[PDB]
Amino acid sequence: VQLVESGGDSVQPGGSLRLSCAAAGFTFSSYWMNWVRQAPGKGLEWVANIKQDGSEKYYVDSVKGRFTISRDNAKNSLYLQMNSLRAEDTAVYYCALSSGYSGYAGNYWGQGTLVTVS
Amino acid sequence: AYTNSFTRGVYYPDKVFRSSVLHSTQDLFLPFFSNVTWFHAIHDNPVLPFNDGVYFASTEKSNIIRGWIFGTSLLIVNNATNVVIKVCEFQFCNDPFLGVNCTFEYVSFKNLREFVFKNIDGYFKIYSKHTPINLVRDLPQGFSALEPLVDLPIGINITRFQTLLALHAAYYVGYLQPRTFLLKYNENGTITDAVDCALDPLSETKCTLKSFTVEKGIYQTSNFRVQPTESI
Amino acid sequence: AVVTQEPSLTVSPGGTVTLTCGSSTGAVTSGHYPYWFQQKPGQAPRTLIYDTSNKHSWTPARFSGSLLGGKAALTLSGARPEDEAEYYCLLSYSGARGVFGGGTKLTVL
Amino acid sequence: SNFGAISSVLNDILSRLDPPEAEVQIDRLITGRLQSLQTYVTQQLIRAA
Amino acid sequence: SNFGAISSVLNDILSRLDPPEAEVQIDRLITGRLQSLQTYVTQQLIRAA
Amino acid sequence: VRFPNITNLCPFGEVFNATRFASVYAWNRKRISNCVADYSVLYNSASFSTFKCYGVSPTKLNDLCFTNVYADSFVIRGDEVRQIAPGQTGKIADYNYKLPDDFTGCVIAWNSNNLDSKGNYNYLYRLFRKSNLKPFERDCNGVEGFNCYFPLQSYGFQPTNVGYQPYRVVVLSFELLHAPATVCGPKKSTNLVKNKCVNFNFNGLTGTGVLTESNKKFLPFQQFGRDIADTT
Amino acid sequence: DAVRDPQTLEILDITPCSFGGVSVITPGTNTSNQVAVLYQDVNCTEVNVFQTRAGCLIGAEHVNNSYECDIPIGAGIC
Ligand SMILES: *[C@@H]1O[C@H](CO)[C@@H](O)[C@H](O)[C@H]1NC(C)=O
Ligand SMILES: *[C@@H]1O[C@H](CO)[C@@H](O)[C@H](O)[C@H]1NC(C)=O
Ligand SMILES: *[C@@H]1O[C@H](CO)[C@@H](O)[C@H](O)[C@H]1NC(C)=O
Ligand SMILES: *[C@@H]1O[C@H](CO)[C@@H](O)[C@H](O)[C@H]1NC(C)=O
Ligand SMILES: *[C@@H]1O[C@H](CO)[C@@H](O)[C@H](O)[C@H]1NC(C)=O
Ligand SMILES: *[C@@H]1O[C@H](CO)[C@@H](O)[C@H](O)[C@H]1NC(C)=O
Ligand SMILES: *[C@@H]1O[C@H](CO)[C@@H](O)[C@H](O)[C@H]1NC(C)=O
Ligand SMILES: *[C@@H]1O[C@H](CO)[C@@H](O)[C@H](O)[C@H]1NC(C)=O
Ligand SMILES: *[C@@H]1O[C@H](CO)[C@@H](O)[C@H](O)[C@H]1NC(C)=O
Ligand SMILES: *[C@@H]1O[C@H](CO)[C@@H](O)[C@H](O)[C@H]1NC(C)=O
């Protein structure tokens, strides 16, 4: 089971950045797809999720109205687009696969993509 | 292609000497006159079901057939003069052939080589017989019993098997069934004949009367019962 | 959305560990379907415990996803140097909007 | 007749007990029923005479 | 025939089990074999008639 | 009294005093053959918590002998000792180590709380499976999670755990079919006297009779012959 | 003998599935290996077929000409 995330780069504050995650070795549309971010030197922050079929999306209140998740089940991948990206939001974004009871938290983790805002 | 197995596929059911006796036994034997798949090696090594046990026979002119693969792994290969047996996680080809975590390892037409392969409670039991022949077209008709040689404590859940041919020789594959046979042992303890008790109504009479000869008359041999077709 | 953890724990080799986590309101029960993650330097967080007490195949059996007195915990039956990592807890709430704790750093003496 | 068995009905033994126990109950029915056939046949042979 | 015994051979029971268990297996053979003799004799008596 | 003149001793020490026992899910199966088996050592040894025979009485094992003996060696939890028996069910009996309900042999086990316990999680058992095992068998699309469980589970064996202490169990499976014996007890053979009434013992097979020369053609694998009555 | 169906309260008779003895009629094997089979006390339904009172006889030809009895079947048929 592999989760490959990307899209992290050096970007300017006030702009936007689209991150993505590709699924490999398993069925995409049978699990929930999570995003978690970690600022260097800090702990983990829950960011966002999406239901198996894309009918429901979830966000931590701190990114609500700024972050959007969409997906393509034919490409086995999902996209997280964050608008009004803050200078303070320097963190590694991880893709995680949630196969648990509620789908709220991931079990399998990717390597992470670094987003630096300057 | 298929052929007539005739009366082939009988073996000594155990390791006890008997003579001048008609003995009734139930074991996994090739049913008489059953259909056995006919394979060729001219100018044919598919994966076959193992089911509940396999009857194998081959006719040789050049020792093309050298081994077997059993599993869902057991590998038996006779390469020139030395037999090698392994239950190793061998890397197999998409199409295994020979050229012209091991829990067990052992190292040691004109020719008819008959074999019996059955897997009981983890034991892979092998019987065989080698007899000279003079026939190209098909399996020779006649009768002979096969003797046990090898019994491997492998524990492998064998469901399928594949043969191994040497490439630069026909062979036959049948399946064993829990048939009852009446085996005729001659004065030297050799099985010389047999009755397949489920072949036809005359064989049923012969088994019932424990004889290879049936006197004129009417004999009750069995009981007809209509079987259920579904559960309610 | 408040989750707290003991900032750090130190354990002698072979000793037990009791890492703890909980919410500021109510109590932690199986209804929070608690998760625990392990992160070693340079690595992505790896889930060890999911849905309260289910352990993953890649998680050493020395780890146990138990609950305490209205709190989540990740305990060890005998810590090893290989276990030096930061651990994180995650709880669910009214829906799939999980909240992470501050992190509990576990080191081996 | 039970002949010492928990039930005269063979299917009721089989549907209620696992083999390690069912076999004992069945043996009781087999012995009793064989005695019955032997008695029947013996009587038929004598009567036939 | 075993008649429920572990073996039809009396010597094999005796060579394998101590009396507290051997006696049970033997009783099974004795009962079965006595039934056989009784059957045989009854048939011989009727046939003799 | 006649036994094959074998001077080799059976390596039971290598089974019972082995550095490590296998996990119950992947139990070892060691073949014992062509040796002298002194079972008084194992029986008299007081180190065993249990020595339960389902086949034969444990004190007869020195007079009696076998075609083969297999030693199934693995670690279980103390409360699971009760599952290793014919007719039993349970997590081990069904998913890790199944015995025939007609099992012939002895189950020997002892506590290893002062040997293997640490927590020692190096012993796995099968927690999930789709069906039960066959006797002597040795056994959600890639993503584990809720209702997608990893089949194996370790035992947290600690010195502070009796039902939760580790136990080392060896099951001795005896094949006692009348066939050539290879594993025989510490019995001194004597000379054979012909044409006189004697009390004989051939590989554990006893009886009284006159032994004479014969012309019976026993096959290489046939050790005994039988009469109609199934007597020797 | 009969049961009341547990879902619909109607009564159903239980008649055990047809069965009967099977006998093989044969000339001695010294003469022929051809046989005829008699299914005793059954109809020629569930089983060159001749229905007789004794059962369903398969493999024997029905002949109008009478003869001295050789291998008896029953109910006047040989
Ligand atoms: C073997 O199979 C063929 C069909 O390929 C069939 O015609 C023949 O009767 C079968 N023979 C036997 C003995 O089943
Ligand atoms: C043997 O393997 C087959 C799959 O080819 C499986 O369906 C079957 O259950 C296995 N047998 C046992 C006893 O597990
Ligand atoms: C047969 O193959 C084995 C390898 O498994 C080899 O060691 C052996 O020497 C070969 N024997 C002959 C006669 O080629
Ligand atoms: C041998 O078995 C172990 C499990 O004990 C497994 O990890 C390893 O990959 C296996 N080796 C092969 C060649 O299958
Ligand atoms: C037994 O073998 C001898 C040769 O030693 C042979 O002459 C005899 O005919 C054989 N007996 C039978 C029944 O084949
Ligand atoms: C028994 O000893 C003799 C020598 O007196 C030897 O030739 C024979 O092979 C031995 N038999 C067995 C079974 O070891
Ligand atoms: C195992 O070792 C003990 C010594 O602790 C010894 O007495 C015993 O006989 C050995 N067991 C076997 C089968 O040799
Ligand atoms: C029976 O068969 C033998 C040949 O073995 C023959 O000589 C005899 O005449 C036959 N008898 C009858 C009644 O057919
Ligand atoms: C067989 O069934 C038919 C109805 O299909 C009936 O007319 C006939 O009399 C029955 N014969 C016997 C012998 O029961
Ligand atoms: C007997 O003769 C009658 C004509 O009277 C005919 O209908 C019937 O089929 C014949 N039966 C047989 C067995 O020949």
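Protein chains in written order, with the entry's author numbering: chain A, 2 to 119; chain B, 27 to 69, 80 to 108, 116 to 143, 165 to 172, 186 to 245, 263 to 326; chain C, 2 to 110; chain D, 968 to 1016; chain E, 968 to 1016; chain F, 327 to 444, 447 to 467, 480 to 501, 503 to 573; chain G, 574 to 620, 641 to 671.
Backbone N, C-alpha and C define an ideal beta-carbon position, used for all residues, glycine too.
With a Cβ-Cβ cutoff of 8 Å, do residue i and residue j count as a contact?
i: G/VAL608; j: G/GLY667; result: no
i: F/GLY526; j: F/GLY431; result: no
i: F/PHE400; j: F/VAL350; result: yes
i: B/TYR313; j: B/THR299; result: yes
i: A/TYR94; j: C/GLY99; result: no
i: F/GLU465; j: B/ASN234; result: yes
i: F/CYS361; j: F/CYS379; result: no
i: A/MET34; j: A/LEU98; result: yes
i: F/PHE497; j: F/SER555; result: no
i: A/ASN84; j: A/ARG67; result: yes
i: F/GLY485; j: A/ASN108; result: yes
i: B/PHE59; j: B/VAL36; result: no
i: B/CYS291; j: B/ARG273; result: yes
i: residue 580 of chain F; j: F/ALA435; result: Only positions 327 to 573 of chain F appear in the structure, and residue 580 of chain F is not among them; the question remains open.
Can you grab the Cα-Cα spacing for the pair residue i / residue j, in whole Å?
i: A/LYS52; j: A/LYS58; result: 6 Å
i: B/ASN317; j: G/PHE592; result: 7 Å
i: B/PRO139; j: B/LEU212; result: 28 Å
i: C/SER67; j: A/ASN50; result: 26 Å
i: E/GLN1010; j: B/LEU277; result: 30 Å
i: B/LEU48; j: F/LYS417; result: 46 Å
i: C/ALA74; j: C/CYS22; result: 6 Å
i: B/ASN81; j: B/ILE203; result: 20 Å
i: C/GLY79; j: C/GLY16; result: 5 Å
i: B/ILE231; j: B/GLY199; result: 6 Å
i: residue 502 of chain F; j: C/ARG63; result: Examination of chain F shows a numbering gap from 501 to 503; residue 502 of chain F is inside it and therefore has no coordinates.
i: F/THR385; j: E/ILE973; result: 18 Å
i: D/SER968; j: D/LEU1001; result: 12 Å
i: residue 621 of chain G; j: B/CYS166; result: Any structural detail on residue 621 of chain G is unavailable, because chain G resumes at 641 straight after 620.
i: F/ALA570; j: E/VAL976; result: 9 Å
Can you give me the Cβ contacts of residue i inside the same chain, cut-off strictly under 7 Å, excluding the 5 residues immediately before and after it?
i: B/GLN218; result: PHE32
i: A/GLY16; result: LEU86
i: C/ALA86; result: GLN39, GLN40, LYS41 and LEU107
i: C/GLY102; result: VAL4, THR5, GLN6, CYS22, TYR89 and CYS90
i: C/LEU10; result: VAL18, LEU20, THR105 and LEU107
Any idea if residue i is buried or exposed, counting beta-carbon neighbours within 10 angstroms, 16 or more meaning buried?
i: G/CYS649; result: buried
i: B/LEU241; result: buried
i: G/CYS671; result: exposed
i: C/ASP84; result: buried
i: F/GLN506; result: buried
i: A/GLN39; result: buried
i: C/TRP59; result: exposed
i: F/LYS424; result: buried
i: C/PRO35; result: buried
i: C/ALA28; result: exposed
i: B/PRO295; result: buried
Below 8 Å CB to CB, which residues in the same chain sit around residue i once its five sequence neighbours on both sides are set aside?
i: F/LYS529; result: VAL327
i: B/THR286; result: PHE220, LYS278, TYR279 and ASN280
For residue i, which residues in the same chain have their Cβ closer than 6 Å to its Cβ, ignoring the five residues on either side in sequence?
i: F/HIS519; result: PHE565
i: F/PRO521; result: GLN564
So is residue i in contact with chain I if we call contact Cβ pairs under 8 Å?
i: A/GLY26; result: Among the protein chains in the structure shown, which are A, B, C, D, E, F and G, there is no chain I.
Check: What residues sit near ligand 10, counting only those whose C-beta is closer than 5 Å to one of its heavy atoms, in chain order?
Finding: With the cut-off at 5 Å, the residues found are G/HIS655 and G/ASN657.
Next item on the list: Quick one: residues with CB closer than 6 Å to any heavy atom of ligand 5, in chain order, please.
Entry: Around ligand 5, the residues whose beta-carbon falls short of 6 Å from at least one of its heavy atoms are B/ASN280, B/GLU281 and B/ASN282, given in chain order.
Notebook entry, point to check: Residues near ligand 3, CB to any non-hydrogen atom under 6 Å, in chain order?
Noted result: With the cut-off at 6 Å, the residues found are B/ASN122, B/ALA123, B/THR124, B/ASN125 and B/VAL127.
Margin query: So if I measure from each beta-carbon to every heavy atom of ligand 8 and keep distances below 6 Å, which residues remain?
Written below: My final list is G/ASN603 and G/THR604.
Next item on the list: May I have all residues whose beta carbon comes closer than 5 Å to any heavy atom of ligand 1, sorted in chain order?
Entry: Working through the chain, the matches are B/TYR28 and B/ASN61.
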